[PDB]
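J.: 3D model of this:
(4 chains)
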Amino acid sequence: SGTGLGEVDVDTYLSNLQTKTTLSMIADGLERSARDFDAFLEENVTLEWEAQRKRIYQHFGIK
Amino acid sequence: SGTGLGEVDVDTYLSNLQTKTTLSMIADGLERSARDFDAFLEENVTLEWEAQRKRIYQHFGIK
Amino acid sequence: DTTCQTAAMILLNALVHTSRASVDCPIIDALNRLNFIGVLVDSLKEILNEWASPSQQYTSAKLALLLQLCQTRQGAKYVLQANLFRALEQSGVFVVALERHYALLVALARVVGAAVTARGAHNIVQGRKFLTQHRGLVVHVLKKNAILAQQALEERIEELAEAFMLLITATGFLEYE
Amino acid sequence: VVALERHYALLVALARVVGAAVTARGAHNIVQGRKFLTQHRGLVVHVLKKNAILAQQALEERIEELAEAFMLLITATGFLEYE
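T.: Numbers count the residues shown, from 1 in each chain, chains lettered A, B, ... in the order given. Pasting the structure now:
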């Protein structure tokens, strides 16, 4: 068989390839930014007062 | 019939009466406070700028 | 006592309410001389711990009273001097269970909203800090609004959303951008 | 459920920018942080109390980040001392 079976055309094939590459780039950038932010927060919070920062509020505010 | 059918005793009857009166008083006070606040807001907002106050935000903030 | 303090708190609301109908009032003035407004604003701290239940209904009358004093022009003077902005910050407060949660936020928002728009440009400086320091939270409420328990919950959102909106237009946060 | 998740994503982004800014310089920016929490009080209280299938976990995750975002500003700004 052949000549077309749930297939696409080259003009649409290249467009789909470019769209997929762009989406993958955006997703990778977002994931890297999120990971960098998480690492920064972990480095800044691991110094001290890990649970006290929330305990003070749980004691002040309504539990 | 008689001598008791899903009934209560006087010692509990008076307590239930007092509890009902207290609950009704609290509910009436809350409702009156809410009505007074609503009337105050209606009197203060009916002056002018009834829809603009929200339109400015809908235009500034994300709809 | 649990019932005496509740009835006494609600009683003060009727006194100040009926007195205004009779721009000043001698009842509100007496409360300041007796150091009642001072200790009252101090109790606002740790409100989360206090908040059908007897403690819940008691707090309702407490915040309800403060809301009335912020409606008269003279109340802004005595109320503002109590430094209520710093009292509500230490507490960290900022289907039926959720409805009660918004009921507390509305009560606090109304007291602050009416207070800023009471005196004039002397309190707008504080309102901007409250919205800027707690930005984002109000944005979620203003966008949410834009069976019995459901309607009751949504009703609080409408009041809560409209509460902050009044403070914005009254404080002039749009000019700050 | 997906629409709400995107809403919190915006609030988190803004909260992080403001949270990190106040705790960056020092006591010169704490005066502004207190006004932001006092002027927008109540809204943050709802988030800090909420945290205390795929789309559900994603939505709750943003609440945890959003709730912890303001908490960092509080301890860094010193709003507890103001009471």
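J.: So for chain C, the centremost residue is which one?
T.: Residue closest to the average C-alpha location in chain C (C-alpha atoms, centre = their mean): residue C:111, at 2.5 Å.
J.: Was I right to think that residue contacts residue C:63?
T.: Yes - look at residue C:111 against residue C:63 with C-beta atoms under 8 Å: they come within range, at 6.4 Å. All C-beta spots, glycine's among them, are computed from the backbone N, C-alpha and C.
J.: got a list of what residue C:90 touches?
T.: A:60, C:45, C:46, D:79, D:80, D:81, D:82, D:83 (C-beta atoms under 8 Å, 6 or more residues apart in numbering or on different chains).
J.: Looking at those residues, which are in helices?
T.: Using DSSP state H, the subset of the contacts of residue C:90 located in helices is A:60, D:79, D:80, D:81, D:82.
J.: Among those residues, which one lies nearest to chain C?
T.: residue D:82 (3.1 Å; C-beta to the nearest C-beta).
J.: Quick check: residues of chain A near chain C?
T.: Applying C-beta under 8 Å from any C-beta of the partner chain, we find that chain A lies next to chain C at A:56, A:57, A:59, A:60, A:61, A:62, A:63.
J.: Most neighbours among those, which one is it?
T.: Of all the residues of chain A next to chain C, residue A:57 has the most neighbours under the rule other C-beta atoms under 10 Å in any protein chain shown, reaching 25 neighbours.
J.: Hmm, residue C:89 and it touching each other?
T.: No - counting by C-beta under 8 Å, residue C:89 is not a contact partner of residue A:57; they are 11.0 Å apart.
J.: still on that earlier bit, redo the ones in helices among the contacts of residue C:90 as JSON lines? Include distance to residue B:49.
T.: Conversion of the ones in helices among the contacts of residue C:90 to JSON lines gives the following (distance: C-beta to C-beta, whole Å):
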{"residue": "A:60", "distance to residue B:49": "38"}
{"residue": "D:79", "distance to residue B:49": "33"}
{"residue": "D:80", "distance to residue B:49": "38"}
{"residue": "D:81", "distance to residue B:49": "38"}
{"residue": "D:82", "distance to residue B:49": "33"}
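J.: which one of those sits closest to residue A:38?
T.: Residue A:38 has its nearest neighbour among these in residue D:79, at 25.0 Å by C-beta to C-beta.
J.: about what we covered before: of the residues of chain A next to chain C, closest to residue B:18?
T.: Nearest to residue B:18 among those, with distances taken as C-beta to C-beta, is residue A:62, at 29.8 Å.
J.: And that closest one, how close does it get to chain D?
T.: Distance of residue A:62 to chain D, computed by C-beta to the nearest C-beta, to the nearest Å: 7 Å.
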